[PDB]
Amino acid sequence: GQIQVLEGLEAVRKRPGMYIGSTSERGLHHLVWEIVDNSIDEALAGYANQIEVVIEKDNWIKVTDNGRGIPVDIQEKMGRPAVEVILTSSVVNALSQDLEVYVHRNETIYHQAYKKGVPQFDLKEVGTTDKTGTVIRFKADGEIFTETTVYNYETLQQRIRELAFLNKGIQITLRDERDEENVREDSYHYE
């Protein structure tokens, strides 16, 4: 089961273009669409209505939603927490030099970190919460995206606006914190 995950990570990193269309600027932006798409599905299921995308210093991406939280219960299949099984089959995780999850669920904050899809430690309880949702922070792997790992605000802005227009009732916010002296935000909420 865990042998199958490792071969999956090797497959994705060996032929990344077969998975995300290209390793160009187009492929770098595709990472964000892959994560945001999961949060939109949680909203269409009726459980989330807010998504926030932050370009952080050094072109980290953080996506946050107010969904149920990715589940943390032990799979009978992997013997591992569900969230670990979901993220260690994620293309985004495989093509990120680092990725972090924080889950707010069961009044608990759970945390795991990964490098090229490989968990760095077991899922751990780190805090308490009265909210539910998921935070993902990732840094695209410079070894995969050799052309650029720099996001284009206007590219993200155009697609986030389109997603909010198509999926009415979802508040979707983009914020660029790369320059701490000049922070730019656009927030879309149709109907």
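Counting begins at 1, following the sequence as shown.
Novice: Comparing 4-12 with 182-190, where is the mean C-alpha B-factor higher?
Specialist: Stretch with the greater average CA B-factor: 4-12.
Novice: Which of the two stretches, 166-174 or 17-25, shows the higher mean Cα temperature factor in the record?
Specialist: The deposited B-factors put 17-25 ahead on the C-alpha mean.
Novice: Looking at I55, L44, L123, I70, which has the highest Cα B-factor in the entry?
Specialist: Comparing C-alpha B-factors across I55, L44, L123, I70, the top value belongs to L44.
Novice: Highest Cα temperature factor in the entry, among the options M78, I109, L99, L95: which one is it?
Specialist: In the PDB entry, the greatest C-alpha B-factor among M78, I109, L99, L95 is found at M78.
Novice: Consider only the C-alpha atoms of the modelled residues in this chain, order them by B-factor as the entry records it, and name the third containing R159: lowest, middle or highest.
Specialist: CA B-factor rank for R159: highest third.
Novice: Determine, from the deposited record, the chain-internal third of the Cα B-factor for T149: lowest, middle or highest.
Specialist: Highest third of the chain for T149's C-alpha B-factor.
Novice: Relative to the other modelled residues in the chain, which third contains the C-alpha temperature factor of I74: lowest, middle or highest?
Specialist: CA B-factor rank for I74: highest third.
Novice: Comparing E143 with the other modelled residues of its chain, is its CA B-factor in the lowest, middle or highest third?
Specialist: It belongs to the highest third of the chain when residues are ordered by C-alpha B-factor.
Novice: Quick one: classify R137 as lowest, middle or highest third of the chain based on its Cα B-factor.
Specialist: Ranked within chain, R137 CA B lands in the lowest tercile.
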